[PDB]
$ cat query.pdb   # PDB, C-alpha atoms
ATOM      1  CA  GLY A   1     122.826 -70.714 -11.660  1.00  0.00           C
ATOM      2  CA  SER A   2     119.752 -70.676  -9.452  1.00  0.00           C
ATOM      3  CA  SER A   3     116.139 -70.350 -10.536  1.00  0.00           C
ATOM      4  CA  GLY A   4     113.367 -72.246  -8.791  1.00  0.00           C
ATOM      5  CA  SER A   5     110.022 -70.500  -9.075  1.00  0.00           C
ATOM      6  CA  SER A   6     109.193 -69.114 -12.498  1.00  0.00           C
ATOM      7  CA  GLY A   7     110.405 -65.619 -13.297  1.00  0.00           C
ATOM      8  CA  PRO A   8     111.579 -63.179 -15.978  1.00  0.00           C
ATOM      9  CA  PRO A   9     114.812 -63.723 -17.921  1.00  0.00           C
ATOM     10  CA  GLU A  10     117.978 -61.848 -17.037  1.00  0.00           C
ATOM     11  CA  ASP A  11     119.390 -61.483 -20.530  1.00  0.00           C
ATOM     12  CA  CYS A  12     116.210 -59.709 -21.559  1.00  0.00           C
ATOM     13  CA  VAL A  13     116.230 -57.455 -18.518  1.00  0.00           C
ATOM     14  CA  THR A  14     119.826 -56.650 -19.379  1.00  0.00           C
ATOM     15  CA  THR A  15     119.208 -56.035 -23.062  1.00  0.00           C
ATOM     16  CA  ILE A  16     116.400 -53.619 -22.284  1.00  0.00           C
ATOM     17  CA  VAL A  17     118.403 -51.759 -19.666  1.00  0.00           C
ATOM     18  CA  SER A  18     121.290 -51.916 -22.109  1.00  0.00           C
ATOM     19  CA  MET A  19     119.188 -49.676 -24.320  1.00  0.00           C
ATOM     20  CA  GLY A  20     118.876 -47.252 -21.430  1.00  0.00           C
ATOM     21  CA  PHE A  21     115.560 -48.306 -19.941  1.00  0.00           C
ATOM     22  CA  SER A  22     114.495 -48.557 -16.318  1.00  0.00           C
ATOM     23  CA  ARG A  23     115.088 -51.895 -14.636  1.00  0.00           C
ATOM     24  CA  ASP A  24     111.552 -51.750 -13.293  1.00  0.00           C
ATOM     25  CA  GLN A  25     110.202 -51.133 -16.776  1.00  0.00           C
ATOM     26  CA  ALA A  26     112.007 -54.126 -18.229  1.00  0.00           C
ATOM     27  CA  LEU A  27     110.621 -56.305 -15.462  1.00  0.00           C
ATOM     28  CA  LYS A  28     107.153 -54.820 -15.757  1.00  0.00           C
ATOM     29  CA  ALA A  29     107.201 -54.979 -19.538  1.00  0.00           C
ATOM     30  CA  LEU A  30     108.263 -58.612 -19.490  1.00  0.00           C
ATOM     31  CA  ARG A  31     105.583 -59.538 -16.982  1.00  0.00           C
ATOM     32  CA  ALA A  32     103.303 -57.329 -19.043  1.00  0.00           C
ATOM     33  CA  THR A  33     104.287 -59.334 -22.100  1.00  0.00           C
ATOM     34  CA  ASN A  34     104.148 -62.730 -20.436  1.00  0.00           C
ATOM     35  CA  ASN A  35     107.909 -62.557 -20.048  1.00  0.00           C
ATOM     36  CA  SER A  36     108.520 -61.435 -23.611  1.00  0.00           C
ATOM     37  CA  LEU A  37     111.441 -59.523 -25.074  1.00  0.00           C
ATOM     38  CA  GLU A  38     110.143 -58.416 -28.453  1.00  0.00           C
ATOM     39  CA  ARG A  39     106.763 -57.463 -27.041  1.00  0.00           C
ATOM     40  CA  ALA A  40     108.426 -55.799 -24.076  1.00  0.00           C
ATOM     41  CA  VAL A  41     110.398 -53.443 -26.287  1.00  0.00           C
ATOM     42  CA  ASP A  42     107.059 -52.809 -27.953  1.00  0.00           C
ATOM     43  CA  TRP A  43     105.176 -52.345 -24.703  1.00  0.00           C
ATOM     44  CA  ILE A  44     108.060 -50.069 -23.792  1.00  0.00           C
ATOM     45  CA  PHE A  45     108.168 -47.893 -26.887  1.00  0.00           C
ATOM     46  CA  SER A  46     104.418 -47.542 -26.509  1.00  0.00           C
ATOM     47  CA  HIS A  47     104.869 -45.960 -23.101  1.00  0.00           C
ATOM     48  CA  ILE A  48     107.477 -43.636 -24.557  1.00  0.00           C
ATOM     49  CA  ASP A  49     104.900 -42.577 -27.118  1.00  0.00           C
ATOM     50  CA  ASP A  50     102.384 -41.324 -24.583  1.00  0.00           C
ATOM     51  CA  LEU A  51      99.703 -43.988 -24.367  1.00  0.00           C
ATOM     52  CA  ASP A  52     100.884 -45.240 -20.996  1.00  0.00           C
ATOM     53  CA  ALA A  53      97.564 -46.715 -19.934  1.00  0.00           C
ATOM     54  CA  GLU A  54      93.925 -45.966 -19.214  1.00  0.00           C
ATOM     55  CA  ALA A  55      93.180 -42.571 -17.715  1.00  0.00           C
ATOM     56  CA  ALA A  56      95.318 -42.455 -14.595  1.00  0.00           C
ATOM     57  CA  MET A  57      97.289 -39.662 -12.968  1.00  0.00           C
ATOM     58  CA  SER A  58     101.024 -39.817 -13.558  1.00  0.00           C
ATOM     59  CA  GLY A  59     103.766 -39.317 -10.997  1.00  0.00           C
ATOM     60  CA  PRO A  60     105.630 -35.998 -10.810  1.00  0.00           C
ATOM     61  CA  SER A  61     108.555 -36.359 -13.184  1.00  0.00           C
ATOM     62  CA  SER A  62     109.431 -34.832 -16.535  1.00  0.00           C
ATOM     63  CA  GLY A  63     109.967 -37.272 -19.379  1.00  0.00           C
TER
END

$ encode --input "query.pdb" --output "structure tokens"
Amino acid sequence: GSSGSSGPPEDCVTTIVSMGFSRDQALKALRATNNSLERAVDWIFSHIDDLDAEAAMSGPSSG
């Protein structure tokens, strides 16, 4: 049980991934949602929708 400097929760990360999400996403989401679970899932779903973010080219990979 180590955790010095602030950081995102593990349980959350797990939960998300548990759903079948990318580990990076979970992390990002969290950080994107000030380390939030509920919001994360929301910030996540949003991405799934299509509205990823402001106009910005997307990497080569089919969704």

$ residues_around --input "query.pdb" --residues "residue A:35" --least-positions-apart "5" --cutoff "9 Å" --atoms "all atoms listed in the file" --output "PDB file with C-alpha atoms, in the coordinates of the input"
ATOM      1  CA  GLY A   7     110.405 -65.619 -13.297  1.00  0.00           C
ATOM      2  CA  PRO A   8     111.579 -63.179 -15.978  1.00  0.00           C
ATOM      3  CA  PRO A   9     114.812 -63.723 -17.921  1.00  0.00           C
ATOM      4  CA  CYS A  12     116.210 -59.709 -21.559  1.00  0.00           C
ATOM      5  CA  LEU A  27     110.621 -56.305 -15.462  1.00  0.00           C
ATOM      6  CA  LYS A  28     107.153 -54.820 -15.757  1.00  0.00           C
ATOM      7  CA  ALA A  29     107.201 -54.979 -19.538  1.00  0.00           C
ATOM      8  CA  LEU A  30     108.263 -58.612 -19.490  1.00  0.00           C
ATOM      9  CA  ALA A  40     108.426 -55.799 -24.076  1.00  0.00           C
TER      10      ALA A  40
END

$ closest_residue --input "query.pdb" --among "A:1, A:61, A:19, A:25" --to "residue A:46" --atoms "all atoms listed in the file"
A:25

$ atom_distance --input "query.pdb" --atom1 "atom CA of residue A:16" --atom2 "atom CA of residue A:41"
7.2 Å

$ atom_distance --input "query.pdb" --atom1 "atom CA of residue A:49" --atom2 "atom CA of residue A:24"
17.9 Å

$ resolve_selection --input "query.pdb" --expression "the PyMOL selection byres ((chain A and resi 63) around 12)" --output "JSON list (two decimals) with C-alpha atoms, in the frame of the given file"
[["chain", "number", "residue", "atom", "x", "y", "z"],
["A", 47, "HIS", "CA", 104.87, -45.96, -23.10],
["A", 48, "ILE", "CA", 107.48, -43.64, -24.56],
["A", 49, "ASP", "CA", 104.90, -42.58, -27.12],
["A", 50, "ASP", "CA", 102.38, -41.32, -24.58],
["A", 58, "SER", "CA", 101.02, -39.82, -13.56],
["A", 59, "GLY", "CA", 103.77, -39.32, -11.00],
["A", 60, "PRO", "CA", 105.63, -36.00, -10.81],
["A", 61, "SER", "CA", 108.56, -36.36, -13.18],
["A", 62, "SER", "CA", 109.43, -34.83, -16.54]]

$ atom_distance --input "query.pdb" --atom1 "atom CA of residue A:51" --atom2 "atom CA of residue A:37"
19.5 Å

$ build_atoms --input "query.pdb" --residues "stretch 7-27 of chain A" --atoms "N, CA, C and O atoms" --output "compact mmCIF listing (two decimals), in the frame of the given file"
# COMPACT_ATOMS: atom_id res chain seq x y z
N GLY A 7 110.01 -67.02 -13.36
CA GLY A 7 110.40 -65.62 -13.30
C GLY A 7 110.88 -65.13 -14.66
O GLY A 7 111.03 -65.91 -15.60
N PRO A 8 111.12 -63.79 -14.74
CA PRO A 8 111.58 -63.18 -15.98
C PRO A 8 113.06 -63.49 -16.23
O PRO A 8 113.81 -63.76 -15.29
N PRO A 9 113.44 -63.45 -17.53
CA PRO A 9 114.81 -63.72 -17.92
C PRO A 9 115.73 -62.55 -17.58
O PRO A 9 115.27 -61.41 -17.50
N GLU A 10 117.00 -62.86 -17.37
CA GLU A 10 117.98 -61.85 -17.04
C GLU A 10 118.49 -61.17 -18.31
O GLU A 10 118.53 -59.94 -18.39
N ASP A 11 118.88 -61.99 -19.27
CA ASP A 11 119.39 -61.48 -20.53
C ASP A 11 118.48 -60.36 -21.03
O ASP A 11 118.94 -59.27 -21.33
N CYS A 12 117.19 -60.68 -21.10
CA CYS A 12 116.21 -59.71 -21.56
C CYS A 12 116.36 -58.43 -20.73
O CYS A 12 116.69 -57.38 -21.26
N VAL A 13 116.12 -58.58 -19.43
CA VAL A 13 116.23 -57.46 -18.52
C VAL A 13 117.46 -56.62 -18.89
O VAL A 13 117.37 -55.40 -19.03
N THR A 14 118.58 -57.31 -19.03
CA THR A 14 119.83 -56.65 -19.38
C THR A 14 119.67 -55.88 -20.69
O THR A 14 119.82 -54.66 -20.72
N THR A 15 119.38 -56.63 -21.75
CA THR A 15 119.21 -56.04 -23.06
C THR A 15 118.45 -54.71 -22.95
O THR A 15 118.98 -53.66 -23.31
N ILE A 16 117.23 -54.80 -22.45
CA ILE A 16 116.40 -53.62 -22.28
C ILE A 16 117.23 -52.50 -21.64
O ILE A 16 117.49 -51.48 -22.28
N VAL A 17 117.61 -52.73 -20.40
CA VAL A 17 118.40 -51.76 -19.67
C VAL A 17 119.55 -51.28 -20.55
O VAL A 17 119.85 -50.08 -20.60
N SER A 18 120.18 -52.23 -21.23
CA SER A 18 121.29 -51.92 -22.11
C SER A 18 120.92 -50.74 -23.02
O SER A 18 121.76 -49.88 -23.30
N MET A 19 119.67 -50.73 -23.45
CA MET A 19 119.19 -49.68 -24.32
C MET A 19 119.12 -48.34 -23.58
O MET A 19 119.22 -47.28 -24.19
N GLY A 20 118.96 -48.44 -22.26
CA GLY A 20 118.88 -47.25 -21.43
C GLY A 20 117.49 -47.13 -20.79
O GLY A 20 117.02 -46.02 -20.53
N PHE A 21 116.88 -48.27 -20.55
CA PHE A 21 115.56 -48.31 -19.94
C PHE A 21 115.65 -48.59 -18.44
O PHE A 21 116.70 -49.02 -17.95
N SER A 22 114.55 -48.33 -17.75
CA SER A 22 114.50 -48.56 -16.32
C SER A 22 114.36 -50.05 -16.03
O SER A 22 113.61 -50.76 -16.69
N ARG A 23 115.11 -50.50 -15.02
CA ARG A 23 115.09 -51.90 -14.64
C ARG A 23 113.66 -52.34 -14.33
O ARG A 23 113.25 -53.44 -14.71
N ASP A 24 112.93 -51.46 -13.65
CA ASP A 24 111.55 -51.75 -13.29
C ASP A 24 110.73 -51.97 -14.57
O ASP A 24 109.97 -52.93 -14.67
N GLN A 25 110.92 -51.05 -15.51
CA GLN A 25 110.20 -51.13 -16.78
C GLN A 25 110.40 -52.51 -17.41
O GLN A 25 109.44 -53.22 -17.69
N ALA A 26 111.67 -52.85 -17.63
CA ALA A 26 112.01 -54.13 -18.23
C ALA A 26 111.20 -55.23 -17.55
O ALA A 26 110.49 -55.98 -18.22
N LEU A 27 111.33 -55.30 -16.24
CA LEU A 27 110.62 -56.30 -15.46
C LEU A 27 109.13 -56.22 -15.77
O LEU A 27 108.53 -57.19 -16.23
